[PDB]
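The structure under discussion appears below in the form of structure tokens.
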Amino acid sequence: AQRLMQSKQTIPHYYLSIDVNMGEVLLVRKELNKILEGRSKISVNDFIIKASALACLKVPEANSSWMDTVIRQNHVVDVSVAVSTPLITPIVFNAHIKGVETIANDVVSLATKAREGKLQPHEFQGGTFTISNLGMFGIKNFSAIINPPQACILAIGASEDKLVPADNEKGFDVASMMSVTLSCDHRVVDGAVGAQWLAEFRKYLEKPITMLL
Amino acid sequence: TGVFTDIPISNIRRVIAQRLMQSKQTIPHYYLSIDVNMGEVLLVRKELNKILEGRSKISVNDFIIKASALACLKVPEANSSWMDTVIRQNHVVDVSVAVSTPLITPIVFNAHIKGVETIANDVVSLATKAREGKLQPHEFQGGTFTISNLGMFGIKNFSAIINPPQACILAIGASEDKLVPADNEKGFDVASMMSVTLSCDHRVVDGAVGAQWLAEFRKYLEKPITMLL
Amino acid sequence: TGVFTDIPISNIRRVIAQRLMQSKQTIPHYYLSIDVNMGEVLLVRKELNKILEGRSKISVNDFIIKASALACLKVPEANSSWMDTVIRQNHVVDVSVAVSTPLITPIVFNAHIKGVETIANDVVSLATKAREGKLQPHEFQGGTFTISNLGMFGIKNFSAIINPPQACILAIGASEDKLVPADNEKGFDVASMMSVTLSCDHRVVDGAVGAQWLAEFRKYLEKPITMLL
Amino acid sequence: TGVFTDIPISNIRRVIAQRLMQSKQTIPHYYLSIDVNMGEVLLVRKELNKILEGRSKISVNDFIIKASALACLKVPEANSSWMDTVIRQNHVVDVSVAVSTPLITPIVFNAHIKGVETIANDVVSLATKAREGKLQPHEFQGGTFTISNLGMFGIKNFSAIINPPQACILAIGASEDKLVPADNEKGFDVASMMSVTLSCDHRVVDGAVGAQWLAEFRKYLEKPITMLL
């Protein structure tokens, strides 16, 4: 409550939003799960991690922190996942490098160490980013408040089935849509770059092979 | 003229010649080979080149780098070095590319991490610094691996000798069009095939693991999306 | 951790490493190769397995043993050893099988005589005594021949180095499905192909006889009933 | 008898054995390979044999000689010798043919000049002087090149070791019938294929030129009239 009252009383928040067409990621996720023996499941959440990290590389200022003297800009990406708990927050370390499946295994081993057992304090340190998704609960859209060392949050909505315009005989087709919102510090993230960040994230997810680049 | 003519032996040629004579007189070499069906990589390469503005070309050679590096992770003992007291096994992958030159050898550093396009740009900037200009000695150090491909010259298959700090080489043949069996009405279809050979130290690489290495490399290339894992 | 890590060199690994370094530094190796059409052996193997109650499985590897042994009889000089004073030519065929192990090498004794199923049972009882238990030293003696196959691992082709008392190795590739020309309406048919390579000493095996050896081996396998002769 | 038997090592066999042990213990060997589509040469060979009265047969081996010689001209460094002080590069091409014998090696002198039929007659008159009669020592001198083919014996592919004054060998496989892709209604056609391997010294032959050599050889044989140029 002190973290929240403090940060919403200091950081000048603002909210940017988009829609992300998740079909292609659904195909690749189905396939990599087929290729894995069942040795390890892979969630959509892992692609979410991988992409948001690479985007933090492409547009660094969404991945920095506001210290009072100087703005601190960090070249390694930690990403903390906001997991609900009867609000434990494991950090995935150096996610900008490690592959999607090691990210998935990392987030599960961290969840097992969290949901029913104690974690070391070292994992709660709120390092450099936060994803926070509530699509399981059926929330369509939501805007979070952020934790003060950092400058941004990523809030993910429920995936849904909308009728987009098409070129076939029917004139339309179904599409999976995720509404994605992004809060920013706005002393460090001016709106055009928050938008640039959301742009790259949108492209790494609309076109998943470009994660290889 | 006459029946024969002589020219003095070059200095750098004697350096290389010492490396080669030494290593083929010490390391117990042996040769494993496979065929790799390159069609899917050709599709993904065409597409990522389409998505790039032409801001940067991407060769097949870069996928070759990325995969051989990740395989070095999956099967570490093909990526190690034989020191006389202990076998030295290194958790970071450097990969040196054997580029022909009127044999300059740039190293791509930490290729196990960096993405395919930064690997492509790295190998070109290293080639520009090599083919017509001097490189720092620091780049010739033969760190931890070597790819060496001669498919441009139309060689189908070839087995190289390796440089002694390391334990292996990857030699890549020309891509070609073979008639594999199929299930359609015709009963067959065309396929792109690359013959890939791999030399090993064989005090450190026993045959089953050299094979395991070749297996993973084959799967990262037959099924390119698994490079994401 | 760090950029590299070290582990002490194993004792048995140094024994093998001495065998390998020694033999690839002494024996003048060379590599002959063929393709062997394995369909007929596949039919006979299916049938003899059907006729056996399941009392004993039979692998393709056993036919490989039986044939290579009979060929050693037909062309003796591929089955001999180079001693410094005289070439030693031995009228009994032992055959050692190079089995991968986390490289244990059981010998099948007098395989030139015993039938295919006793050869299969011999190689399994020897594998059971090897993979998880100690063997007597007497079985590691490298007697007079070596088969070494890596088709299970998907290797297509490979050339091994040999162990110095002997003069040759047989390396077996993966079986595969190639489209050979035919005489029917389609003009072609599928065929099972095994690529088989054979290393030789080449002070004792001149190329025409290494080839003769490979010839007989090819005929005992292309036409399996002639194993009865 | 007994389990083994011995025969004294032959003198000439020790001479050859010294040549082989020496050269595979000194020269840093490596192996390049291609496939050569032999159909057109088969047509021209059939025709020139038809035009000759039967006054002289012509083998495929003669085209092999003519082409490898002209290629030695186009890419000189595959046709030179490694002396310790300087690399010796010779503007005349001798070519020695490795003929099997119960390993006699006649040399065809100045083959870069003489026509295909005089090359054929030269190799037969040299074979007649060799297989059942003594040759002068002057013909065994291993001058500047060696072809060595084992397609008669059905070997598909093989890599030889070379004799130390020289820097390379050409090993020729059996000609075979593969199903290449085509443009007609069937989608494919039969092709005659020869697998050709080439060993090199690799202090004098860097890989791109060994490849260049193999390239020209491939073109003189794929397109036989260009032998006239």
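What are the chymotrypsin sites (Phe, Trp or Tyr not before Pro) within segment C:1-90 that DSSP puts in a loop, where the Cβ has at most 16 other Cβ atoms within 10 Å? Can you show the working numbers first?
Numbers: sites: C:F4, C:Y30, C:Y31, C:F63, C:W82; in loops: C:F4.
Sites meeting the loop and neighbour criteria: C:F4.
Which residues in segment B:187-207 place their backbone N less than 19 Å from a point set 7 Å from the Cα of D:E185 along the Cα-to-Cβ direction? It comes to B:187-188, nothing else.
All other residues with a Cβ under 13 Å from the Cβ of D:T226 taken together, and with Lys, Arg as +1 and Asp, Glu as -1, what is their net charge? If you can, show how the numbers build up before the last one.
Numbers: positive: D:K66, D:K74, D:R218, D:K219, D:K223; negative: D:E40, D:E216, D:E222.
Summing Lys/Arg as +1 and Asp/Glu as -1 gives +2.
Fraction of C-alpha pairs exceeding 15 angstrom in segment B:33-86: 64 percent, rounded to a whole number.
Estimated purely from DSSP H runs of n ≥ 4, each contributing -39500 (n - 2.57), the mean residue ellipticity at 222 nm for chain B is -10500 deg cm²/dmol once divided by its residues. Between D:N37 and C:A208, the distance separating the two model label sites (each 7 Å from Cα on the Cα→Cβ line) works out to 3.5 nm.
Segment C:106-130 and segment A:140-155 have Cα centres lying 69 Å from one another. Distance between the modelled labels on C:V124 and B:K129, one decimal in nanometres: 6.0 nm (7 Å Cα→Cβ projection). Quick check on the protein assembly as shown: take the gyration tensor over C-alpha atoms, sort the square-rooted eigenvalues as a ≥ b ≥ c, and tell me if it's rounded (a/c under 1.5), prolate or oblate. Since a/c reaches 1.5 and a/b is larger than b/c, the shape of the protein assembly as shown is classed as prolate. Helix-only arithmetic for chain A: the sum of -39500 (n - 2.57) across DSSP H runs with n ≥ 4, divided by the residue total, places the mean residue ellipticity at 222 nm at -10000 deg cm²/dmol. For segment A:128-213, GluC sites (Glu not before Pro) meeting the loop criterion (DSSP other than H, G, I, E, B) and having at most 13 other Cβ atoms within 10 Å: A:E169.
A Förster radius of 60 Å combined with the Cβ-Cβ distance from C:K57 to A:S40 puts the calculated FRET efficiency at roughly 0.95.
Cα-based radius of gyration for chain A, normalised by 2.2 N^0.38 Å, reads 1.04.
Restricting to DSSP loop positions (anything but H, G, I, E, B) with no more than 11 other Cβ atoms inside 10 Å of their own Cβ, which GluC sites (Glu not before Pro) remain in segment D:139-229?
Here the GluC sites (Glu not before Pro) that fit, given the DSSP loop and packing criteria, are D:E185.
Is the shape of chain B rounded, prolate or oblate, going by the alpha carbon gyration tensor and its root eigenvalues a ≥ b ≥ c, with a/c under 1.5 for rounded and a/b larger than b/c for prolate? It comes out rounded by the Cα gyration axes. A:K34: which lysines have alpha carbons under 18 Å from its alpha carbon, excluding same-chain residues fewer than 8 sequence positions away? The qualifying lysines are B:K219, B:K223.
Ranked for footprinting exposure by Cβ neighbours inside 10 Å, fewest first, A:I11, A:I103 give A:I11, A:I103.
Classified by the C-alpha gyration tensor, segment B:83-122 has an oblate form. Its axis ratio a/c, with a ≥ b ≥ c, is 1.5 or above, and a/b does not exceed b/c.
For segment C:184-198 versus segment D:144-159, the spacing of their alpha-carbon centroids is 23 Å.
Which peptide among C:146-154, C:198-206, B:41-49, C:91-99 comes first, and what is the full order, when sorted by highest mean count of other Cβ atoms within 10 Å? Each step should come with its number before you reach the end.
On the way: C:146-154: 19.6, C:198-206: 23.4, B:41-49: 16.0, C:91-99: 21.1.
Packing order, densest peptide first, comes out as C:198-206, C:91-99, C:146-154, B:41-49.
Across peptide B:64-71, the mean count of Cβ atoms from other chains lying within 10 Å of each residue's own Cβ comes to 0.
Taken together, the values in this text are just the output of simple stated rules run on the coordinates, not laboratory data. All Cβ positions, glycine included, derive from the backbone under ideal geometry; neighbour counts span all protein chains shown.
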